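Any read-out appearing in this document is the output of simple, stated calculations on the displayed coordinates, not a laboratory observation. Note that we place each Cβ from the backbone using ideal geometry, even for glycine, and neighbour counts take in every protein chain shown.
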Amino acid sequence: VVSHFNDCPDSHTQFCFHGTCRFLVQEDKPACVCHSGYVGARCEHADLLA
């Protein structure tokens, strides 16, 4: 909490196929959120998998 982020891309950005990206600087923690209307374990697929 409180903590924030800035540089989303940092190599770890590869942890998302097509979704939101967010890297907690102060809390070095690479984590990219999905997007929407997509699919896949990490949002690799795009729809067709409701």
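For region 1-41, give me the residue count where each residue is in a loop (DSSP other than H, G, I, E, B) and among the aliphatic types (A, V, I, L, M). Show your work before the answer.
First, pick out the residues of region 1-41 that are in a loop (DSSP other than H, G, I, E, B): 1-11, 16-21, 25-28, 32-38, 40-41.
Restricting the remaining residues to those that are among the aliphatic types (A, V, I, L, M) gives 1-2, 25, 33, 41.
Matching residues across region 1-41 total 5.
Selection of region 1-37 for residues being touching a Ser or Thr at 6+ places or on another chain (Cβ under 9 Å) and among the acidic types (D, E) yields only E27.
For first residues located in region 1-26 and under 23 Å from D47 (Cα atoms), partners that are of a type in the set (D, E, K, R) and lie 6+ apart or on another chain with Cβ distances below 7 Å form the pairs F15/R42; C16/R42; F17/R42; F17/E44. Only residues that are more than 8 Å from the chain's Cα centre (by Cα), among the small types (G, A, S) and surrounded by 13 or more Cβ atoms within 10 Å (Cβ to Cβ) were counted in the chain, giving 2.
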